[PDB]
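For reference, the structure is listed below as structure tokens.
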Amino acid sequence: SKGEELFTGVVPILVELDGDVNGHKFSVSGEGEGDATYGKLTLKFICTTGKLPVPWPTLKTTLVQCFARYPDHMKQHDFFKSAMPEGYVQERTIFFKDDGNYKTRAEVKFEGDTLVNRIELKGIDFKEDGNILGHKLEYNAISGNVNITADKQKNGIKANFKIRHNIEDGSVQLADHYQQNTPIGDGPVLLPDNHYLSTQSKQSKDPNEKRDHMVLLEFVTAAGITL
Ligand code: NA
């Protein structure tokens, strides 16, 4: 795709999120850079409204899959870069087992040289004393596979995957993710064969930062089709 060309170097990233979970409204801004040749993302996210009212790990999946490293033999399956620069809309529902759900809508597109992810998030049906609002999740590394399928009807893709968040008591909190992506333009995109994105991250802190924030280092690699 011509879009793929926009990702051959290091690209600045800007993320903006407006959230409302159970009436607790918050905003997050993120900045960093992506190097899709290596599937690599380095970002710092800041809560700009004060303290974040949900755990940072619950927002990781929401807070730019156009930065995945696609193997050469799979580059015909990279929907995300093929929709650039006009971009795509990503929507998810995230069901936290035995608790509430997030619904998200993200618009991902270039503004000049910067890849921008503008997100709205709504959470409903949460327990004030459950694992999310009651801050019971661990901050350990999240990894897993995002299973992608083509959606010819919307000229896009669907995806599904589960995140198993470790909880303090030693069990896990499931977050079942359902995803759709639709291009913004009218023209053709790459509609992929079934495959997945193998995604891993590590969370850290900026020692100089006094605001509530998270630093993330992430690698995203497409896989599952053999040469
Ligand atoms: Na690159």
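Numbering starts fresh at 1 for the residues of each chain in the structure tokens, the chains themselves are lettered A, B, ... in the order given, and ligands are numbered from 1 as they appear.
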If you count only C-alpha atoms and all ligand atoms, which residues end up within 6 Å of ligand 1, as a PDB file with N, CA and C atoms, in the first residue's frame?
```pdb
ATOM      1  N   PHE A   7       5.316   4.835   7.173  1.00  0.00           N
ATOM      2  CA  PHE A   7       5.767   4.235   8.402  1.00  0.00           C
ATOM      3  C   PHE A   7       7.186   3.676   8.370  1.00  0.00           C
ATOM      4  N   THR A   8       7.949   3.945   7.312  1.00  0.00           N
ATOM      5  CA  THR A   8       9.284   3.361   7.181  1.00  0.00           C
ATOM      6  C   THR A   8      10.318   3.960   8.192  1.00  0.00           C
ATOM      7  N   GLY A   9      10.048   5.111   8.730  1.00  0.00           N
ATOM      8  CA  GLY A   9      10.945   5.743   9.743  1.00  0.00           C
ATOM      9  C   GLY A   9      10.257   5.836  11.107  1.00  0.00           C
ATOM     10  N   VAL A  10      10.828   6.651  11.934  1.00  0.00           N
ATOM     11  CA  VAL A  10      10.312   6.964  13.278  1.00  0.00           C
ATOM     12  C   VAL A  10       9.233   8.034  13.143  1.00  0.00           C
ATOM     13  N   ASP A  35       7.988   3.094  15.562  1.00  0.00           N
ATOM     14  CA  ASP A  35       8.935   2.620  14.505  1.00  0.00           C
ATOM     15  C   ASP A  35       8.464   1.288  14.056  1.00  0.00           C
ATOM     16  N   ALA A  36       7.546   1.309  13.055  1.00  0.00           N
ATOM     17  CA  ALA A  36       6.822   0.105  12.626  1.00  0.00           C
ATOM     18  C   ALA A  36       7.757  -0.914  11.999  1.00  0.00           C
ATOM     19  N   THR A  37       8.923  -0.516  11.488  1.00  0.00           N
ATOM     20  CA  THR A  37       9.872  -1.510  10.999  1.00  0.00           C
ATOM     21  C   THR A  37      10.201  -2.503  12.077  1.00  0.00           C
TER      22      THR A  37
END
```
Next item on the list: Report as a ChimeraX atom specification: the residues of stretch 1-225 of chain A with a DSSP assignment of alpha helix (DSSP H), based on the backbone of this structure.
Entry: /A:79-82
Note to self: Between A:226, A:198, A:49, A:218, which residue has the minimum interatomic distance to residue A:32, considering only C-alpha atoms?
What the structure shows: A:218
With only C-alpha atoms counted and 6 Å as the cut-off, give the residues of stretch 44-108 of chain A in contact with stretch 209-217 of chain A, each with its shortest interatomic distance in Å and the pair that gives it, as CSV.
```
residue,atom,partner,partner_atom,distance
A:44,CA,A:215,CA,4.3
A:45,CA,A:214,CA,5.3
A:46,CA,A:213,CA,4.2
A:47,CA,A:212,CA,5.6
A:51,CA,A:212,CA,5.8
```
Please list as a PDB file with N, CA, C and O atoms, in the first residue's frame every residue within 6 Å of residue A:150, counting only C-alpha atoms and excluding residues in the same chain fewer than 2 positions away.
```pdb
ATOM      1  N   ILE A 157     -11.977  -4.439   9.169  1.00  0.00           N
ATOM      2  CA  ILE A 157     -11.604  -5.630   9.919  1.00  0.00           C
ATOM      3  C   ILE A 157     -12.382  -5.696  11.219  1.00  0.00           C
ATOM      4  O   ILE A 157     -12.970  -4.721  11.681  1.00  0.00           O
ATOM      5  N   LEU A 191      -7.614  -5.982   2.714  1.00  0.00           N
ATOM      6  CA  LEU A 191      -8.480  -6.830   3.551  1.00  0.00           C
ATOM      7  C   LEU A 191      -7.754  -8.091   3.836  1.00  0.00           C
ATOM      8  O   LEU A 191      -7.371  -8.837   2.924  1.00  0.00           O
ATOM      9  N   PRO A 192      -7.437  -8.374   5.103  1.00  0.00           N
ATOM     10  CA  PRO A 192      -6.479  -9.437   5.402  1.00  0.00           C
ATOM     11  C   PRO A 192      -7.054 -10.831   5.477  1.00  0.00           C
ATOM     12  O   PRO A 192      -8.191 -11.029   5.857  1.00  0.00           O
TER      13      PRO A 192
END
```
Notebook entry, point to check: Rounded to one decimal in Å, what is the spacing between atom CA of residue A:23 and atom CA of residue A:181?
Noted result: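 For atom CA of residue A:23 relative to atom CA of residue A:181, the distance reads 26.9 Å.
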Checklist line | Shortest interatomic distance to residue A:21 - which of A:152, A:122, A:164, A:158, counting only C-alpha atoms | finding: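 Closest residue, counting only C-alpha atoms: A:122.
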Taking 5 positions as the minimum chain separation for residues in the same chain, which residues sit within 10 Å of residue A:90 when counting only C-alpha atoms? Answer as a short mmCIF file (atom, residue, chain, number, x, y, z; two decimals) with N, CA, C and O atoms, in the first residue's frame.
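Okay, this is what ended up in part_4.cif:
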```
data_model
loop_
_atom_site.label_atom_id
_atom_site.label_comp_id
_atom_site.auth_asym_id
_atom_site.auth_seq_id
_atom_site.Cartn_x
_atom_site.Cartn_y
_atom_site.Cartn_z
N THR A 62 -6.67 0.51 24.95
CA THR A 62 -7.34 1.62 24.28
C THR A 62 -6.32 2.64 23.81
O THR A 62 -6.36 3.14 22.67
N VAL A 64 -3.19 2.32 18.24
CA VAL A 64 -2.27 2.68 17.12
C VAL A 64 -1.59 1.44 16.46
O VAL A 64 -0.39 1.34 16.31
N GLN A 65 -2.46 0.48 16.14
CA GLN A 65 -2.01 -0.79 15.61
C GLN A 65 -1.44 -0.70 14.20
O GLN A 65 -0.85 -1.66 13.71
N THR A 104 -15.49 2.15 23.32
CA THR A 104 -14.55 3.14 22.84
C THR A 104 -14.74 3.42 21.40
O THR A 104 -15.19 2.60 20.62
N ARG A 105 -14.38 4.63 20.98
CA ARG A 105 -14.37 5.00 19.56
C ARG A 105 -13.08 5.86 19.40
O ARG A 105 -12.94 6.88 20.10
N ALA A 106 -12.24 5.49 18.48
CA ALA A 106 -10.97 6.13 18.25
C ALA A 106 -10.90 6.48 16.79
O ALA A 106 -11.22 5.67 15.91
N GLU A 107 -10.41 7.65 16.47
CA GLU A 107 -10.08 8.00 15.11
C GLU A 107 -8.58 8.13 14.99
O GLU A 107 -7.96 8.90 15.74
N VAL A 108 -7.97 7.34 14.10
CA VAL A 108 -6.52 7.26 13.94
C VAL A 108 -6.15 7.76 12.56
O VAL A 108 -6.62 7.19 11.56
N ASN A 117 -4.11 9.72 17.55
CA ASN A 117 -5.20 8.77 18.00
C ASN A 117 -6.09 9.57 18.92
O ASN A 117 -5.69 9.86 20.07
N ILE A 119 -9.57 9.61 21.01
CA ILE A 119 -10.39 8.54 21.60
C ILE A 119 -11.45 9.08 22.53
O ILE A 119 -11.17 10.00 23.34
N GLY A 156 -13.31 -3.24 6.10
CA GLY A 156 -12.42 -3.13 7.23
C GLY A 156 -12.14 -4.48 7.83
O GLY A 156 -12.01 -5.50 7.16
N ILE A 157 -11.98 -4.44 9.17
CA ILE A 157 -11.60 -5.63 9.92
C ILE A 157 -12.38 -5.70 11.22
O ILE A 157 -12.97 -4.72 11.68
N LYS A 158 -12.43 -6.88 11.77
CA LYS A 158 -12.83 -7.14 13.13
C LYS A 158 -11.66 -7.78 13.87
O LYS A 158 -10.77 -8.34 13.29
N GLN A 179 -13.63 -5.84 18.69
CA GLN A 179 -13.11 -4.68 17.97
C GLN A 179 -13.63 -4.65 16.54
O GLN A 179 -13.77 -5.71 15.92
N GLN A 180 -13.81 -3.47 16.01
CA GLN A 180 -14.11 -3.22 14.61
C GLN A 180 -13.29 -2.03 14.15
O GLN A 180 -13.15 -1.07 14.88
N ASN A 181 -12.81 -2.10 12.90
CA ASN A 181 -12.12 -0.96 12.33
C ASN A 181 -12.70 -0.74 10.94
O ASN A 181 -12.86 -1.66 10.16
N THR A 182 -12.95 0.53 10.63
CA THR A 182 -13.58 0.98 9.39
C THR A 182 -12.68 2.11 8.82
O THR A 182 -12.38 3.05 9.54
N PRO A 183 -12.36 2.07 7.52
CA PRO A 183 -11.53 3.19 6.97
C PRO A 183 -12.38 4.42 6.86
O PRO A 183 -13.59 4.38 6.69
#
```
Item checked: Residue contacts of residue A:144 (8 Å, only C-alpha atoms) excluding same-chain residues fewer than 2 positions away, as JSON, numbers by chain -> {"A": [142, 146, 161, 162, 163, 198, 199, 200]}
Notebook entry, point to check: Hey, which of A:137, A:84, A:225, A:184 ends up closest to residue A:113? Count only C-alpha atoms.
Noted result: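 Distance minimum relative to residue A:113 lands on A:84.
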Check: Between A:52, A:132, A:121, A:197, which is the closest to residue A:174 once you count only C-alpha atoms?
Finding: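 Comparing A:52, A:132, A:121, A:197 against residue A:174, the winner is A:132.
Distances from A:19, A:50, A:100, A:112 to residue A:63 were compared using only C-alpha atoms, and the smallest one belongs to A:19.
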Checklist line | stretch 2-211 of chain A: residues DSSP assigns to strand (DSSP E), reported as number ranges by chain | finding: A: 11-21, 24-35, 40-47, 88-96, 101-111, 114-124, 143-151, 156-166, 172-183, 195-204
Written file, previous selection with C-alpha atoms, as a tab-separated table (two decimals), in the first residue's frame:
```
chain	number	residue	atom	x	y	z
A	11	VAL	CA	6.89	8.68	13.47
A	12	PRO	CA	5.74	11.03	16.26
A	13	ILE	CA	2.56	9.94	18.00
A	14	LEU	CA	-0.07	12.01	19.81
A	15	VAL	CA	-2.90	10.39	21.75
A	16	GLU	CA	-5.91	12.20	23.26
A	17	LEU	CA	-8.51	10.39	25.34
A	18	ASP	CA	-11.69	11.67	26.96
A	19	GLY	CA	-13.16	9.17	29.34
A	20	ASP	CA	-16.18	8.77	31.59
A	21	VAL	CA	-16.37	5.64	33.70
A	24	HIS	CA	-15.91	9.74	36.82
A	25	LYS	CA	-14.67	11.92	33.94
A	26	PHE	CA	-11.01	12.10	33.04
A	27	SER	CA	-8.69	12.98	30.24
A	28	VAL	CA	-5.40	11.48	29.17
A	29	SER	CA	-2.81	12.86	26.73
A	30	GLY	CA	0.02	10.76	25.35
A	31	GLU	CA	3.13	11.47	23.33
A	32	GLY	CA	5.99	9.44	21.95
A	33	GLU	CA	7.05	7.70	18.77
A	34	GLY	CA	6.51	4.59	16.73
A	35	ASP	CA	8.94	2.62	14.50
A	40	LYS	CA	8.11	-0.56	18.44
A	41	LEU	CA	6.17	2.04	20.41
A	42	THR	CA	7.48	4.31	23.19
A	43	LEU	CA	4.89	6.53	24.79
A	44	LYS	CA	4.24	8.56	27.97
A	45	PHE	CA	0.59	9.05	28.99
A	46	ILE	CA	-0.48	11.76	31.49
A	47	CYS	CA	-3.81	12.13	33.26
A	88	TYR	CA	-9.56	4.57	10.25
A	89	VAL	CA	-12.12	4.48	13.06
A	90	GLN	CA	-11.50	1.82	15.71
A	91	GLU	CA	-14.36	0.81	18.02
A	92	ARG	CA	-14.28	-1.65	20.89
A	93	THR	CA	-16.42	-3.05	23.59
A	94	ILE	CA	-14.38	-4.36	26.50
A	95	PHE	CA	-16.30	-6.58	28.92
A	96	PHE	CA	-14.78	-6.92	32.37
A	101	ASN	CA	-17.77	-2.50	30.28
A	102	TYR	CA	-15.89	0.06	28.31
A	103	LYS	CA	-17.09	1.24	24.86
A	104	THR	CA	-14.55	3.14	22.84
A	105	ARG	CA	-14.37	5.00	19.56
A	106	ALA	CA	-10.97	6.13	18.25
A	107	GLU	CA	-10.08	8.00	15.11
A	108	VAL	CA	-6.52	7.26	13.94
A	109	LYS	CA	-5.07	9.43	11.15
A	110	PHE	CA	-2.13	11.61	10.25
A	111	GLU	CA	-2.06	15.31	11.02
A	114	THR	CA	2.20	13.14	13.48
A	115	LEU	CA	0.05	10.01	13.84
A	116	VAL	CA	-2.88	11.02	15.99
A	117	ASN	CA	-5.20	8.77	18.00
A	118	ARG	CA	-8.28	10.67	19.28
A	119	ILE	CA	-10.39	8.54	21.60
A	120	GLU	CA	-13.66	8.65	23.50
A	121	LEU	CA	-14.28	6.05	26.24
A	122	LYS	CA	-17.49	5.34	28.15
A	123	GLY	CA	-17.65	2.92	31.06
A	124	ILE	CA	-20.94	1.76	32.54
A	143	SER	CA	0.82	-9.61	26.43
A	144	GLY	CA	-1.39	-11.54	24.03
A	145	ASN	CA	-2.60	-12.06	20.53
A	146	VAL	CA	-5.14	-9.84	18.75
A	147	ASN	CA	-7.08	-12.10	16.39
A	148	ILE	CA	-7.93	-10.24	13.16
A	149	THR	CA	-10.46	-11.10	10.52
A	150	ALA	CA	-11.59	-9.25	7.38
A	151	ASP	CA	-14.97	-7.47	7.30
A	156	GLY	CA	-12.42	-3.13	7.23
A	157	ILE	CA	-11.60	-5.63	9.92
A	158	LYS	CA	-12.83	-7.14	13.13
A	159	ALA	CA	-10.71	-8.40	16.00
A	160	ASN	CA	-11.20	-10.29	19.28
A	161	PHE	CA	-8.92	-11.11	22.19
A	162	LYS	CA	-8.88	-11.58	25.95
A	163	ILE	CA	-6.68	-9.83	28.46
A	164	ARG	CA	-6.21	-11.53	31.82
A	165	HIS	CA	-5.38	-8.87	34.25
A	166	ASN	CA	-3.67	-10.15	37.45
A	172	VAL	CA	-7.35	-12.86	37.34
A	173	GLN	CA	-9.79	-10.26	35.98
A	174	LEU	CA	-10.82	-11.08	32.39
A	175	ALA	CA	-11.26	-8.24	29.90
A	176	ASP	CA	-12.94	-9.58	26.75
A	177	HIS	CA	-12.28	-7.30	23.84
A	178	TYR	CA	-14.40	-7.02	20.66
A	179	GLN	CA	-13.11	-4.68	17.97
A	180	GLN	CA	-14.11	-3.22	14.61
A	181	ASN	CA	-12.12	-0.96	12.33
A	182	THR	CA	-13.58	0.98	9.39
A	183	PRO	CA	-11.53	3.19	6.97
A	195	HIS	CA	-3.93	-13.64	11.40
A	196	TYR	CA	-3.01	-12.09	14.76
A	197	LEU	CA	-0.90	-9.34	16.28
A	198	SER	CA	1.41	-10.59	18.99
A	199	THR	CA	1.54	-7.65	21.38
A	200	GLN	CA	3.58	-7.09	24.55
A	201	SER	CA	4.19	-4.14	26.77
A	202	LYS	CA	5.94	-3.00	29.90
A	203	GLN	CA	4.79	-0.14	32.10
A	204	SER	CA	7.13	2.16	33.98
```
Margin query: So the first atom is atom CA of residue A:99 and the second is atom CA of residue A:220; what is the distance between them in Å, to one decimal place?
Written below: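 Taking atom CA of residue A:99 and atom CA of residue A:220, their separation equals 28.3 Å.
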